[PDB]
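Bear in mind that the values in this text are calculations on the coordinates, not laboratory data. With ideal geometry, Cβ positions are generated from the backbone for all residues, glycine too; neighbour counts draw on all protein chains shown.
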Amino acid sequence: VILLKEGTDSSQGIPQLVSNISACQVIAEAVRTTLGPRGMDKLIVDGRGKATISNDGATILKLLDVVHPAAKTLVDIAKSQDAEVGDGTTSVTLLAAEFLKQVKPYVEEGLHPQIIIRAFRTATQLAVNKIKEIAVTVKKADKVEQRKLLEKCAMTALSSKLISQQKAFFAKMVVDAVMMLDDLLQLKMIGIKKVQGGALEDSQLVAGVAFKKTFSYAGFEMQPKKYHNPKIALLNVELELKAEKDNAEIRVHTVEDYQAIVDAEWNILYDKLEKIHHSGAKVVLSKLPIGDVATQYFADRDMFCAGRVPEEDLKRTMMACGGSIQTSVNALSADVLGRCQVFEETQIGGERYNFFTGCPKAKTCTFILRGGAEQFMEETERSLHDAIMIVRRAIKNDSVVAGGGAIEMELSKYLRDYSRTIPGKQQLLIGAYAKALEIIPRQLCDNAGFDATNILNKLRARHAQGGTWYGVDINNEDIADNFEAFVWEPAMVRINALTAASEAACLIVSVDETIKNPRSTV
Amino acid sequence: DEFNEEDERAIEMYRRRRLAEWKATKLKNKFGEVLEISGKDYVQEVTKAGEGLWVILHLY
Amino acid sequence: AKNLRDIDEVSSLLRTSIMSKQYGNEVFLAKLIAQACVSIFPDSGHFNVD
Amino acid sequence: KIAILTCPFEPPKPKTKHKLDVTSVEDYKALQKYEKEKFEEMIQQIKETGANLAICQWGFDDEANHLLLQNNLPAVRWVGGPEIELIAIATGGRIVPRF
């Protein structure tokens with residue numbers, strides 16, 4: 001009798017881990033060129049035809065699926081980094097991949113997971129401490145320099161992303177956009193309206209809040225489309241002919257009672273209207289639909305009404321305008337009412353967007369970006385989201401590190417020169433770690449088709465005993481202190497990178513064998 | 001005429017599932033009289049009629 | 001086993017069960033588990049793993 | 001001279017489930033009187049306010065049709081929403097929701 005159920009199998013020992021390392025390299029090479037200012041972009045197609053185009057590595061890895069364990073580990077680590085930082089995901093996936101590649105041949109001869117895991121963990125610890133100790137910072141606490149370096153880090157983020165002609169333009173845009181936000185830094189108070197047509201340069205920042213005008217019945221277009229200081233009431237109440245609680249029943253006996261009841265329903269409606277009108281507000285917004293009678297009344301009363309508004313829209317309305325959400329009208333007073341100095345139903349690219357500005361309070365913003373492709377606008381919006389993430393993390397800890405591969409060569413040099421005191425196979429394996437730590441600038445150079453060997457040689461010579469912060473320019477194709485080129489990115493990215501890299505290395509090197517069920521559950 | 005032994009584990013479990021089923025089915029018995037709504041509201045029930053509830057829209 | 005109440009004793013004892021996992025770090029998990037268990041144990045007459 | 005209405009010409013029914021208990025032939029005659037006076041008061045209201053043309057968004061019944069006819073007051077019905085909205089815009093008048 002078969003010991004286990006029929007259909008299973010298992011690979012073991014060196015062959016299993018060799019296959020795993022091979023899978024790691026195969027999945028790694030799929031994004032070999034994305035990162036870098038000169039990045040070259042990829043596409044995917046699904047069975048629904050919703051083709052998606054992106055150069056941010058983590059999103060790319062989600063766009064792809066595997067069944068291999070190691071590659072699944074890689075893609076989930078990419079998920080973790082993206083949720084953690086949102087930049088350099090390409091860098092972390094790549095780097096772990098070449099560590100595993102560099103260690104591959106070591107399995108064929110005498111070597112055990114113990115020493116390699118200990119070396120990986122201790123090196124990761126020491127290098128994270130290095131990250132903390134030599135991370136650059138403003139250390140100035142003045143808002144001018146703070147804002148300047150926020151924009152510099154934003155363009156650093158764009159120093160490997162798609163757009164490169166609007167770096168400072170969009171950096172200042174997003175920095176201001178977040179500086180009209182509170183200390184909560186809520187991720188729901190950032191309106192996004194992708195607009196067809198219009199140049200990429202025409203993307204803008206609404207100081208107040210704008211949104212889309214939802215469908216409305218007849219009786220519109222008599223309302224005044226302009227006011228110079230309206231007052232806003234934020235509702236969540238229905239202005240439509242509705243039964244009381246959907247279960248009410250009416251039991252009368254004569255036509256007079258019938259007429260009294262129907263006129264009474266009308267009186268309820270018109271009394272709510274009277275409360276609203278006499279309240280003094282000039283506009284009303286709500287999730288709930290507005291009956292045509294109310295719209296005709298407000299047009300007759302020169303007042304604007306709108307319903308069926310999505311919640312997040314109303315949330316932004318409260319958070320910026322300064323009003324308060326209402327489910328009831330009976331206790332409407334001044335403190336509940338919002339207030340702004342500008343209302344207008346403007347036209348932005350063949351659409352009808354309701355614009356509310358002139359609010360002295362402003363704790364939320366709604367981006368209005370212009371372009372000609374849903375996919376390219378989506379990619380730009382994704383990069384905007386990435387920039388939001390990077391600045392939101394960095395705004396807490398205003399300490400960063402220079403991009404352009406300078407810091408990676410710094411840490412590689414540190415590990416190398418220190419990896420001459422450590423003993424034995426630990427020393428050799430740590431040297432392999434350090435050698436694997438020398439690819440990302442090389443990959444940037446070869447992305448642009450440059451002689452990366454020569455570039456790395458010269459920058460290593462310059463890093464050895466001739467100063468630090470030397471990065472690789474691509475428009476100049478040379479080496480110099482490109483830290484003063486202000487390509488600076490946060491260091492918690494580096495720490496998280498090392499954490500995930502050590503995690504992955506020790507995980508996959510701990511792999512020894514796997515049994516595969518016949519997977520009848522399909 | 002149905003009892004030989006009661007294990008009180010799966011059979012009380014059967015009562016529990018049965019009572020959940022019964023409450024779920026009897027919480028929906030709300031109708032039984034065909035009703036005459038007007039054409040003015042018609043847009044509001046051709047569309048806002050609840051999702052997951054069949055509508056037999058009789059015209060005559 | 002003496003008390004099952006002090007923190008250092010909990011570290012020293014449970015670490016022994018811990019070596020079966022995470023060979024590269026021992027004391028950290030010992031601190032975590034010892035603090036949590038000393039906090040959670042009523043220390044009088046009863047316990048539940050839940 | 002036109003008035004613009006968004007309601008039909010018929011005794012309206014409330015949004016709530018309504019049950020009028022009838023137990024006497026007197027209530028029968030009350031219902032008959034109610035419907036007839038409702039139609040006649042609708043006509044009195046509209047013809048009294050001083051218009052010549054009526055427009056109905058959701059149509060109405062032929063009884064009110066002949067009431068408008070023999071009153072010699074032209075009328076139209078069953079018009080699309082934005083169509084009526086632009087009609088009111090152009091004429092400069094107002095859409096009265098109800099009588």
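Values as computed for the structure displayed
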| read-out | value |
| --- | --- |
| Cα→Cβ-extended label distance, 7 Å offset, between A:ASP257 and A:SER10, nm | 8.1 nm |
| Estimated FRET transfer efficiency when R0 is 22 angstrom, pair A:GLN427-A:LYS132 (beta carbons, to 0.05) | 0.35 |
| Residue-wise HN-Hα coupling along region A:331-345, computed from phi with Karplus coefficients 6.51, -1.76, 1.60 (Hz; x: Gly, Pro) | 10, 6, 9, 5, 4, 5, 5, x, 6, 8, 9, 9, 10, 6, 9 |
| In order through region A:80-88: 3J(HN,Hα) via Karplus (6.51 cos²θ - 1.76 cosθ + 1.60), integer Hz, x for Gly, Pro | 4, 5, 4, 5, 7, 10, x, 8, x |
| Residue-averaged [θ]222 nm for chain A, counting only DSSP H segments that reach four residues, each worth -39500 (n - 2.57) | -15000 deg cm²/dmol |
| In Å, descending, principal axis extents of the Cα set of the protein assembly as shown | 112, 85, 53 |
| Close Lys-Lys pairs in chain D, where close means Cα under 27 Å and separation is 8 or more or interchain | 25 |
| Space enclosed by the convex hull of the alpha-carbon atoms of region A:311-375, per residue, Å³ | 117 Å³ |
| Rounded to 5, the percent of DSSP beta bridges in chain A classed as antiparallel | 65 percent |
| Relative contact order %, chain C, counting alpha carbon pairs below 8 Å whose residues are six or more apart | 40 percent |
| Dimensionless Rg ratio for region A:24-77, taking C-alpha atoms and the 2.2 N^0.38 Å reference | 1.16 |
| Scattering curve values for region A:148-207, log₁₀ I(q)/I(0), Debye with Cα scatterers, q = 0.22, 0.25 Å⁻¹ | -1.04, -1.19 |
| Volume of the Cα convex hull of chain D, divided per residue and given in Å³ | 103 Å³ |
| Relative contact order of chain D, pairs being alpha-carbon contacts under 8 Å that are 6 or more residues apart, as % | 45 percent |
| Packing-based exposure ordering (other Cβ within 10 Å, fewest first) of A:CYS506, A:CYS445 | A:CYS506, A:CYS445 |
| Relative contact order (%) - criterion: Cα under 8 Å, at least six apart; region: chain A | 25 percent |
| Region A:60-100: C-alpha gyration tensor shape, a/c 1.5 cut-off, then a/b vs b/c | oblate |
| Share of pairwise Cα separations in region A:1-153, more than 26 Å, in percent | 47 percent |
| Within straight-line cross-link reach of A:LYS42, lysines at Cα separation under 19 Å, skipping those fewer than 8 residues along the same chain | A:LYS50, A:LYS62, A:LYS79, A:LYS161 |
| At 0.692 mPa s and 37 °C, Stokes diffusion of region A:364-522 via Kirkwood alpha-carbon radius, µm² per second | 172 µm²/s |
| Helical mean residue ellipticity (222 nm; -39500 (n - 2.57) per DSSP H run of 4+; nearest 500) of chain C | -16500 deg cm²/dmol |
| Mean-position separation - Cα centroids, region A:284-356 and region A:10-52, in angstrom | 49 Å |
| A:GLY208 long-range amide H proximity, modeled H, under 5 Å | A:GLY358 |
| Alpha-carbon Rg/Rh ratio, for chain B, with Rh computed the Kirkwood way | 1.30 |
| A:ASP46-C:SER44 FRET efficiency (beta carbon distance; Förster radius 56 Å; 0.05 resolution) | 0.40 |
| Cα-projected label distance for A:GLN375 with C:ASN25, points at 7 Å along beta-carbon direction, nm | 4.2 nm |
| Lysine pairs in region A:247-377 with Cα atoms under 25 Å, if 8 or more residues apart or on separate chains | 13 |
| Dipole magnitude of the protein assembly as shown about its Cα centre (Cβ charges: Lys, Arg +1; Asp, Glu -1), debye to nearest 20 | 2140 debye |
| Size of charge dipole - chain B - debye, nearest 20, with Cβ of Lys, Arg +1 and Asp, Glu -1, no other charges | 420 debye |
| Order of A:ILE21, B:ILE37, B:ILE56 - criterion: other Cβ atoms within 10 Å of each residue's Cβ, fewest first | B:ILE56, B:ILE37, A:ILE21 |
| Packing-based exposure ordering (other Cβ within 10 Å, fewest first) of B:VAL34, A:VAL92, A:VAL103 | B:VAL34, A:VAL103, A:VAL92 |
